[PDB]
Amino acid sequence: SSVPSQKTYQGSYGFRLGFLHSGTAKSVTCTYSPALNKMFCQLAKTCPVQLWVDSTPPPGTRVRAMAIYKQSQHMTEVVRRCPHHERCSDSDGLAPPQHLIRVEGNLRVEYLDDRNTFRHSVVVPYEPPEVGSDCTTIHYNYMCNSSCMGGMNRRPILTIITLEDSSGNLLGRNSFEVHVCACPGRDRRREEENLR
Ligand SMILES: [Zn+2]
């Protein structure tokens, strides 16, 4: 009832998500399944997420990411890191050690513990598409495995990407499921046959 919305809205700017066409080889650290709308990635590795827009949001626009549990009986529970990982210092001195989602390669990164919902989120300033690219790419890191006991503990999660203005007004929203694991390529292949 107080759970964050995961409803898709492209909004004024035609906000869409995009992902690299990376394939499923062993060496891949991040691979996306268009069939599943699901990202398979490695712990603490680079996870490119693309922002596609029909119109450019003004400077000052922010991009927020938040994880929630997929299943209804776990949706009220705040997605956080497991004790083991929250106890180690893989902490970059910006991210709170409890946050599952980080952004790498951005010194303007901002982290939030919601005063009321206790939910974690990470936000970065929106920048217009790179040279030689028609989208804007953000590098996320997931700091726990899906399997991590005492954390997600094999419970499936979604990442909600929100576009908001400098004043916090919602502009658009999208989402994708993510599975954090040692063999992203292997698992994508497996889950894509599981449809059949
Ligand atoms: Zn963990």
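Beyond 16 Å, how much of the Cα-Cα pair distribution for region 47-99 remains, as a whole percent? Write out the running numbers ahead of the final one.
Working: 893 of 1378 pairs.
Tail of the P(r) past 16 Å holds 65 percent of the pairs.
List the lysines whose alpha-carbon lies under 16 Å from that of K45, not counting same-chain residues fewer than 8 positions away?
Straight-distance partners of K45: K26.
Neighbouring Cβ atoms within 10 Å as the yardstick, rank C183, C30 fewest first. Don't jump to the answer; show the numbers that get you there.
Values: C183 14, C30 22.
Arranged by neighbour count, lowest to highest, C183, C30 become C183, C30.
Label-point separation (nm) for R87 and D54, each offset 7 Å from Cα along Cα-to-Cβ?
5.1
Convert each backbone phi in region 109-115 into a coupling constant with the Karplus relation 6.51 cos²θ - 1.76 cosθ + 1.60 (shift: θ = phi - 60°), then list the ³J(HN,Hα) values in order as whole Hz, x for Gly and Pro.
Per-residue couplings from phi come out as 4, 10, 10, 10, 9, 5, 3 Hz.
For the chain, what is the largest minus smallest coordinate of the Cα atoms on each principal axis, given in angstrom and ordered from greatest to least?
Computed over the Cα atoms, the extents are 41, 38, 34 Å.
As a convention, Cβ positions derive from the backbone with ideal geometry for all residues, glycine included, and neighbour counts pool all protein chains shown. Bear in mind these aren't lab numbers, they're just calculated from the coordinates by the rules spelled out.
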